[PDB]
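Chemist: no FASTA, just this:
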């Protein structure tokens, strides 16, 4: 009852029953209680889940956005920059764009 | 804690587009109030009938209202009618109101005449939502035919479904007297094309012929009707509720309630029993009001998991109350639901 941790401990055997993941289970999987992670969107399957993304690793390690010109990458970058630089939550942002 | 309308509508459209699952409907009094013929509504809701009875009829009426209000909240037409029939059950019941009896027997007839003359309003042109629903009914040759349950005393469903001639069966068999049949209800050996329409609260064309104590439908007589909500005769009500309960036990059954206020008691209990008996049953409760006005619906949603209650501002799904993601969800209105059905039809 702790959390969802990557890496299994004991593998299934023959005849084990296979179920389907429900929305609360998805919340358990894709959810975390850390304060660093920031919601950027919703999972494709069910829209009630927030897409938590770390921000320390996003900036300090590095980032990159790749996609076709018809996929609307400009809108995605604009939304990401607007979400990171929120005035109420991040009053001391610092961003330079080489348009 | 949050829900989005688009995903709910997409799920409902996916559900309605399967012919394997049997489908049904509940057309309560909230649908007729959603169409305007004159400046006044075509058929007023239960509050409208209560107000009309109050301002149309006096001292003994007010005495009866006070007697019922001594232990009950704001009444309805069904409440006062049940009280009148309960008084009629006792022979020497005229001393309760100090009216010496034999006057209530005429007051109830006057009320029945007023109601039966008021509800006969006729249907307007082919643009009615009920016409769209009827067109959607026969649009697809579904292998399980759609059943319809109505609590309305009027005959808008009949006129709309006959204007676009469709298969139909309401339990009565015949041409001159249309004698009510019970066996043909129970074997359920009918071709799949024939549709089924059932009136739980009774119509206005139903006449009790007395004598042999037999029931028959047909031309509406003057004053003689069977508007009874449930009545306590020594019956269509019990067998028809049993039919509804049997339908709710079918595997993968979908039931949609439009314009239902959930204020009835027996209907709520039979729905809860059907939901608990078969977990694969699914009920779409559609309302057009604030969710806070339906306490019984909230209790049922918090009790039964497979009941989906959707209101204008909030929605409770899977024993978890929430709010729409930026009133919304105009599907509660009957006109919007009819437009949705007619656009999904093609």
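Modeler: Structure's in. What do you need? Numbering: from 1, shown residues only, chains lettered A, B, ... in the order given.

Chemist: C-alpha only now, for contacts and for neighbours.
Modeler: Noted.

Chemist: in chain B, which residue is closest to the centre?
Modeler: When chain B is reduced to its mean C-alpha position, the nearest residue by CA atoms, centre = their mean turns out to be residue B:151, at 2.2 Å.

Chemist: For that one, give its distance to residue B:62.
Modeler: 28 Å (CA to CA, to the nearest Å).

Chemist: what's the answer for residue B:269, then?
Modeler: Applying CA to CA to residue B:269 and residue B:62 gives a distance of 32 Å.

Chemist: cool, residue B:77 as well?
Modeler: According to CA to CA, residue B:77 stands 14 Å off from residue B:62.

Chemist: just residue B:87 next, same as before
Modeler: Noted for residue B:87: a distance of 16 Å to residue B:62, by CA to CA.

Chemist: Equivalent analysis for residue B:206, please.
Modeler: Distance from residue B:206 to residue B:62, counting by CA to CA: 30 Å.

Chemist: These two: who's more crowded?
Modeler: More neighbours surround residue B:206 than the other of residue B:206 and residue B:62, with 19 against 12 (other CA atoms under 10 Å in any protein chain shown).

Chemist: what's the residue nearest to the more buried one when sequence neighbours are not counted in contact with, if anything?
Modeler: Nearest residue to residue B:206, sequence neighbours excluded (CA to CA, 6 or more residues apart in numbering or on different chains): residue B:217, at 4.7 Å. The neighbours of residue B:217, taking CA atoms under 8 Å, 6 or more residues apart in numbering or on different chains as the test, are B:172, B:177, B:178, B:179, B:180, B:205, B:206, B:207.

Chemist: Tell me how many other residues surround the third one.
Modeler: To tie it back to what came earlier, the one meant is residue B:178. Neighbour count of residue B:178, defined by other CA under 10 Å: 14.

Chemist: right, and it touches residue B:171 too?
Modeler: No. Counting by CA atoms under 8 Å, residue B:178 does not reach residue B:171; the two are 9.4 Å apart.

Chemist: okay, now residue B:183: neighbour count?
Modeler: 9.

Chemist: Let me see the contact set for residue 42.
Modeler: Just going to use chain A. Contacts were defined as CA under 8 Å, 6+ apart; by that measure residue A:42 touches A:48, A:49, A:50, A:51.

Chemist: Switch to chain B, please.
Modeler: Counting by CA under 8 Å, 6+ apart, residue B:42 has contacts B:32, B:33, B:35, B:36, B:121.

Chemist: Equivalent analysis for residue B:176, please.
Modeler: Residue B:176 neighbours (CA under 8 Å, 6+ apart): residue B:218.

Chemist: what's the helix or strand for it?
Modeler: For residue B:176, there is no helix or strand it lies in under DSSP states H and E.

Chemist: From one end of stretch B:16-28 to the other, what's the distance?
Modeler: 20 Å.

Chemist: Would you mark the buried spots in that stretch?
Modeler: By neighbour count on 16 or more other CA atoms under 10 Å in any protein chain shown, the buried set for stretch B:16-28 is B:21, B:22, B:23, B:24, B:25, B:26, B:27, B:28.

Chemist: Put together JSON lines for those, with secondary structure on each row.
Modeler: Formatted as JSON lines, the buried residues of stretch B:16-28 follow (DSSP: H, G, I helix; E, B strand; the rest coil):
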{"residue": "B:21", "secondary structure": "coil"}
{"residue": "B:22", "secondary structure": "coil"}
{"residue": "B:23", "secondary structure": "strand"}
{"residue": "B:24", "secondary structure": "strand"}
{"residue": "B:25", "secondary structure": "strand"}
{"residue": "B:26", "secondary structure": "strand"}
{"residue": "B:27", "secondary structure": "strand"}
{"residue": "B:28", "secondary structure": "coil"}
